[PDB]
Amino acid sequence: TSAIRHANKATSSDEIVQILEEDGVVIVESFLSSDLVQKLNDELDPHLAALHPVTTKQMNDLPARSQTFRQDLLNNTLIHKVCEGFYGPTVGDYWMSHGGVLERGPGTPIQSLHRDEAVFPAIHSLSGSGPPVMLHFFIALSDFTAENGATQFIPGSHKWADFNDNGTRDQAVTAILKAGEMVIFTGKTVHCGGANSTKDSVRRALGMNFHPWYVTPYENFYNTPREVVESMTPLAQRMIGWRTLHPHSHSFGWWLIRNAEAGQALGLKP
Amino acid sequence: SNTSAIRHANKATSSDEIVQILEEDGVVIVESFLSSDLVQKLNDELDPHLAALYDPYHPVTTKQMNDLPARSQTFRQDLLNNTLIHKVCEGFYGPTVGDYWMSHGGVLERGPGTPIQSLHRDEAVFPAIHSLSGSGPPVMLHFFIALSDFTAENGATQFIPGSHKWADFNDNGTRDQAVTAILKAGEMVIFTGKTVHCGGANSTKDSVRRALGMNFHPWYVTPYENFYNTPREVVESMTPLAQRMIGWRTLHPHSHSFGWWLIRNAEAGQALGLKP
Amino acid sequence: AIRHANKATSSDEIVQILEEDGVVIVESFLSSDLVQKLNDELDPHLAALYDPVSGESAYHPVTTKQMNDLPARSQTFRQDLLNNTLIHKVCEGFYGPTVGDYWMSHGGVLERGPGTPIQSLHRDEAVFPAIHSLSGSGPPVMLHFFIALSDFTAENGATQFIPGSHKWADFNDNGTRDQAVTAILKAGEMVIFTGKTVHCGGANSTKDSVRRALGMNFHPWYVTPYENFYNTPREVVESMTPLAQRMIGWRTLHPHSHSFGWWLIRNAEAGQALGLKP
Amino acid sequence: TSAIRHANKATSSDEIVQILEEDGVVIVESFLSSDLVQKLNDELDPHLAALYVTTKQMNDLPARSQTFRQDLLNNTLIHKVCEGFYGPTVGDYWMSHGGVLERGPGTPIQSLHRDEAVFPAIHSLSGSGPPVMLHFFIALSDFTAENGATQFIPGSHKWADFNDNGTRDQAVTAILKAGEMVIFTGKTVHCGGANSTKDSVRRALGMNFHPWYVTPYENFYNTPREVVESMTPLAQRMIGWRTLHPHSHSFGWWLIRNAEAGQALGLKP
Ligand SMILES: [Fe+3]
Ligand SMILES: [Fe+3]
Ligand SMILES: [Fe+3]
Ligand SMILES: [Fe+3]
């Protein structure tokens with residue numbers, strides 16, 4: 001019960017979506033290869049270097065910064081299958097709200113329990129009856145250990161009747177992960193970062209937070225250089241707001257320019 | 001007393017009373033909102049663009065046009081900075097929301113022979129919001145300016161007051177519950193995305209009904225229009241408030257006070273070359 | 001209670017049910033190929049309907065739709081439907097001796113999408129008070145062939161009828177909806193009814209399904225058609241058979257009464273007078 | 001140096017024709033009232049905004065501007081100078097092109113040129129060629145050397161070889177305030193200036209007239225029938241809706257079935 005179910009290579013995307021619906025969190029083992037993890041870390045380290053006790057480090061605008069995030073991660077088939085299964089029929093389309101690298105180094109103080117969808121009071125007031133909004137893919141660019149303070153979760157807290165109750169830390173299960181392993185969770189599930197005993201090792205994660213088409217992304221990508229945008233696939237461009245969305249509700253389109261496809265209107269390929 | 005109608009708001013009415021009428025009734029009429037000169041140049045700025053859209057198998061009973069900020073200077077400056085619209089927006093979204101922006105700005109033209117519209121709520125396009133019915137959060141705020149006279153004969157828009165509070169939004173009411181909104185000049189009608197309404201039939205063989213709608217969203221709801229193709233020279237001519245209305249500035253929700261719609265956790269318009 | 005009962009009956013039996021009850025359901029009227037050909041030809045015209053330039057949405061889907069002037073717009077309606085032998089047999093039997101000739105007053109595609117309100121009980125010939133005042137003793141005028149271009153279900157609002165209401169002595173009485181029985185049809189199926197038969201469209205309970213129909217409303221020669229077809233391009237009028245041209249008012253009528261003819265130009269055949277072949 | 005020879009507020013139209021004969025360019029002061037300039041800018045602004053770089057060009061003025069339809073096409077000074085410019089043998093004339101020109105910040109300096117070069121058979125006659133193009137250049141905004149006021153070489157319409165466009169140091173700038181006009185021939189060397197100003201846009205209205213026998217650049221037959229019917233017969237002839245009456249072929253030219261054309265297509269006698 002007080003455990004986060006693991007999903008292996010033999011797990012189908014339907015079962016990952018089902019584990020997410022019942023528990024609010026799931027671990028996808030062996031998601032990214034160690035060679036892809038290092039390629040990500042190699043592309044990201046110089047940007048982080050252009051940033052007393054160690055403090056928390058963060059970085060976003062990944063598409064401008066990382067080619068592997070631009071191509072491999074934004075086009076990953078498992079993430080997109082889980083997205084279509086999580087939002088389901090009535091929603092139809094989705095895009096990325098936040099892509100961020102998170103660093104919690106030695107001596108990092110422990111985080112309070114929280115739900116990310118608290119930034120949306122109108123949805124957060126619905127508690128577990130609220131619609132699906134945030135889908136969070138947390139990839140481990142380094143090992144997630146108990147001592148460096150791996151993120152803890154409270155399974156089933158996405159269904160609680162009162163979201164003012166964030167639970168207590170003894171109901172939280174640590175998510176022990178290896179590099180390249182992923183943890184998927186909802187914006188309604190209680191979680192918190194851990195304290196880092198390890199005063200020699202830095203914990204590192206890449207979060208991809210998705211929204212349904214009708215919820216405004218946190219990240220704005222108009223400043224991404226045109227050449228990298230034209231190098232991306234149309235799916236990856238739709239993820240970063242450069243293409244029009246196609247909700248099942250308004251199938252004709254949303255996020256249009258003069259009732260026409262947005263990316264075509266400002267120079268991208270049809 | 002024996003009869004009820006959409007309430008009018010005169011020049012001596014404050015914006016607080018307009019917000020009050022708006023969420024008791026879901027609809028309000030602001031008399032003499034635009035001066036005759038503003039209506040005249042708005043129509044003048046819009047005529048050549050409509051003529052280029054519609055100059056060329058099908059009779060044209062209906063015309064639509066959007067992307068107004070690129071197209072109209074009076075819309076770019078006068079309407080997008082209008083003080084009453086922003087007072088009512090702040091009052092409608094209130095404390096918990098904080099910031100807002102424009103989702104859709106469109107001119108609508110219904111000429112002779114246009115059929116009556118079905119009763120509807122504009123917010124049905126958001127089923128996750130629509131399913132909460134009258135308990136749902138404020139989302140759409142619609143400002144409908146009359147660029148021509150609104151008569152029942154040319155199909156003045158009809159409304160059902162109080163239908164924004166209904167417990168079941170699968171119920172759109174009946175035409176016997178609808179009251180017509182008669183407007184003459186650049187008078188305005190404000191309504192919610194939860195209030196049932198419909199356009200009328202244009203019985204006249206001569207007269208064209210013309211309106212300008214401005215549909216606003218809270219910061220967290222995706223605007224229908226994308227304004228990335230607006231030329232930089234016209235965006236730079238706009239005030240920062242109007243730039244935020246068309247999505248070129250970051251929003252500042254009360255919930256996430258640090259900001260939303262950012263570039264590298266910094267203000268978006270400055271990040272892409274606009275003035276701080 | 002409506003007879004969905006024309007699997008194998010000939011047109012004479014159809015005229016017999018059509019008087020006795022005022023409404024009849026003809027099974028398998030159009031082949032699935034013709035229904036697909038009609039829907040394909042009609043889709044672009046319905047899509048362009050009131051605003052050809054824009055998509056006519058701005059988050060406002062159009063639930064109710066109407067379209068006419070079909071002969072200019074659809075070739076299969078121009079050829080297959082206007083020349084259909086069963087329709088002309090039924091018109092023959094319904095108008096009978098005294099009338100002689102007939103033509104089409106209205107050819108229309110009708111669409112009721114999700115959320116469409118239920119219709120009031122009515123008779124179409126109420127548009128002619130001088131005829132409507134005669135009630136059941138009045139002359140035959142309107143004959144309506146309603147083809148289902150989609151399934152006619154109880155939930156999407158299939159049209160309801162009151163059999164025998166064409167014979168009532170007082171047409172101020174339109175009945176009540178408990179006397180109405182729904183007409184359930186497949187794609188190729190048709191319902192025929194008179195302008196004196198009480199009917200109403202249903203409510204569309206479905207959240208996505210769109211109900212679509214093609215109505216062909218015919219008149220006797222002496223009653224003015226609702227549609228004017230003179231703006232039809234002459235290439236299309238010349239591609240039509242003389243029967244189909246007479247149906248859309250491009251040829252003169254031959255009433256039983258004034259055998260010499262009606263709707264002439266200088267007392268001569270009209271279509272020849274305006275450049276069509278004899 | 002040469003200078004442009006300003007005029008108006010007391011000069012007769014014969015004097016303007018004579019200055020045009022001698023220099024090929026002249027400046028008419030206070031040609032339009034400030035109120036007329038404000039109508040023109042008000043009527044033209046929405047059409048300029050919908051035309052879809054600060055440079056802009058627009059024509060088909062009679063459909064678009066009432067003040068152009070009535071005030072400018074009927075202006076008495078323009079017609080006196082036109083009859084003086086074409087003179088005896090020509091007789092009748094009409095407008096070939098009416099256009100608003102907009103040149104904003106960053107506008108490059110133009111090459112020295114002669115507009116009549118679009119007519120190689122006429123242009124090859126150099127200074128001895130017949131009068132063809134007559135250009136009226138009205139200032140809808142201030143014309144400053146800082147915003148690129150047009151420069152001219154007086155007397156260059158006279159030159160024996162039109163392959164010589166002269167040099168940029170023989171050029172005189174034409175400074176105009178607002179509603180001031182500069183008239184010039186299609187044979188006079190000229191060029192638009194560079195607009196260094198980071199802030200200001202230059203607006204001009206050009207009216208280019210032809211003798212009766214030269215084809216107008218603009219076709220005005222798509223002009224709406226009730227705006228043409230609102231125009232004076234003189235203004236209707238300027239836009240090609242009435243027959244011309246050259247002194248050469250006095251019976252008429254540009255006819256319909258050897259009858260007056262505007263009457264033939266439904267206009268008033
Ligand atoms: Fe969190
Ligand atoms: Fe609406
Ligand atoms: Fe009916
Ligand atoms: Fe030039």
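Counting starts at 1 for both ligands and their atoms, in listed order. Each chain gets a letter, A, B and so on, in the order its sequence line appears, and its residues count up from 1.
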Item to complete: Look at the rings of B/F191 and B/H197 and say which category their plane angle falls in: under 30° parallel, 30 to 60° tilted, over 60° perpendicular.
Response: tilted

Fill in: Any donor-acceptor N or O pair under 3.5 Å, side chains B/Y224, B/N66
no

Discussion item. Taking the basic N atoms (NZ, or NE/NH1/NH2) and the acidic carboxylate oxygens, is any pair closer than 4.0 Å for A/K57 and A/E103?
Written reply: yes

Worksheet item: Is a side-chain N or O of A/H136 found less than 3.5 angstrom from the main chain of A/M134, in a donor-acceptor match?
Response: no

Discussion item. If I consider every N, O or S atom in A/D116, which one ends up closest to the Fe ion (ligand 1)? I only need its name.
Written reply: OD1

Worksheet item: Given NE2 of C/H199 on one side and NE2 of C/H122 on the other, what angle do they make at the Fe ion (ligand 3), to 10°?
Response: 90°

Discussion item. Closer than 2.8 Å to the Fe ion (ligand 2): does that hold for any N, O or S atom in C/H60?
Written reply: yes

